[PDB]
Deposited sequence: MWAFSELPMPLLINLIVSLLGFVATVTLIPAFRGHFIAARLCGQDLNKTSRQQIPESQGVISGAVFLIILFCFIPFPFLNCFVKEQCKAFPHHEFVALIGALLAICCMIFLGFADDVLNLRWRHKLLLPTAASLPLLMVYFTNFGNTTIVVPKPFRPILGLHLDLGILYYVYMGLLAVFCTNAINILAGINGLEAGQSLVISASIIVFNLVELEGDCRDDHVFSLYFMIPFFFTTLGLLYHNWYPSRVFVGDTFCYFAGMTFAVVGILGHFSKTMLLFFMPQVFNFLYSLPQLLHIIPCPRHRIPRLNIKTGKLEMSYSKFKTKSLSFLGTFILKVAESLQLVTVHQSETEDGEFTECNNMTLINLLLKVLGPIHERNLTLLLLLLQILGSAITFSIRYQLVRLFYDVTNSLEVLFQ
């Protein structure tokens, strides 16, 4: 088809634009203090933050320039068009929200609320165009709720699985590429329009995020930040909702779902939650070791002690106990998939750990394809 060919062309041009512009704007970001230190390395220099915006920006540009080509010599159908524009409005609002969130570092209340507001246009489009709120049970209003929350989830599910160089953009590239392959396979199948739409929004995302990862990859010269996390989350939520494969998509979100649940006791502050739960480097080794959350044992609530004991029993959390004059203490293992891989394999270098998590992501995607198409497993 011509629309997809044109789309791929503008997407590669956008990849070049991203790789080019990211260094071109470095002075601006440094000047306005939109930067952060590399916590996992000994160096203390600043690195430009929220580079996702640039990719995001390019992304938007591309799609704005690509809208007409599907409708070439095509009573104009305003519904396909409104799907496009509504999805783009959702993504614009999510990019803007992530950029504002990186400049201001809003509290979690805002981080959860605002992606839902920004996902409303998605629900408008879904209701005017498709509207099928059935899974044989009719989910009704709940279904819309789901879609809303989906957006939030994605934006934040990628957001909390972060901290090592190239993980956010990397795992987002794996997810986007897997969704692209799924779209292509289904492209010959029953639902062609939904999946060609998913492609329209994925391909440029993949290539712009690739331009971003070029700089973000270890050693990280740039950081993607909440801008990229939110942007990616909403793009995925869009193609999943308006593509009608949100189940398959969430299956692709297996590492992120597992890490979000495994972190859930800390995110709810049942077990104390540090401000950063990244694996903290060992200066002698040069590799990343696990990171811990320490606290007075007595203060901990009953539910917290129960969850911690069950986790220790399952061999998921490392627990240490030490005696101090002021009070009794019990160290806990920071509960994030990264610290869990480090519990399983001990010290790992940053680049190798990122590669390992990308590998595990690919395994998750392969599992999803096997489920979808009755393939052989392992």
Missing C-alpha runs, given along the deposited sequence, first residue counted as 1: 1 to 7, 82 to 88, 150 to 161, 405 to 417
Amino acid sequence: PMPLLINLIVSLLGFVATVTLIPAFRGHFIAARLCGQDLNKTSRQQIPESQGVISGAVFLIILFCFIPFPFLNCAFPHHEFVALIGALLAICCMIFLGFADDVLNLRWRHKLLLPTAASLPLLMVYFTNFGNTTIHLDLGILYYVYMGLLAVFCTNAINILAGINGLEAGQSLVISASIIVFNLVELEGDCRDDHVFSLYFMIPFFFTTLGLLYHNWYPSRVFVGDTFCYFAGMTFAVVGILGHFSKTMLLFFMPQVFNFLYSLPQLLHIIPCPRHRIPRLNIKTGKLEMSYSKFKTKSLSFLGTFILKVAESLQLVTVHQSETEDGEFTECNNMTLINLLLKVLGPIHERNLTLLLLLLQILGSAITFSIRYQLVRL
From here on, numbers count along this sequence of modelled residues.
Entry-level comparison of average CA B-factors, 81 to 89 and 174 to 182, reporting the higher stretch: 174 to 182
Mean C-alpha B-factor comparison - 345 to 353 and 62 to 70, higher one: 345 to 353
Maximum C-alpha temperature factor, selected from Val152, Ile158, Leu97, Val145: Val145
Candidate set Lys111, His269, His215, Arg277 [ranked by C-alpha B-factor, highest]: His269
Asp101 - Cα temperature factor, lowest/middle/highest third of chain: lowest
Chain-wide C-alpha B factor ranking for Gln321, given as lowest, middle or highest third: highest
Lowest, middle or highest third - CA B-factor, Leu12: middle
Chain thirds of CA B-factor: placement of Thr330: highest
For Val310, the third of its chain into which the C-alpha B factor falls: highest
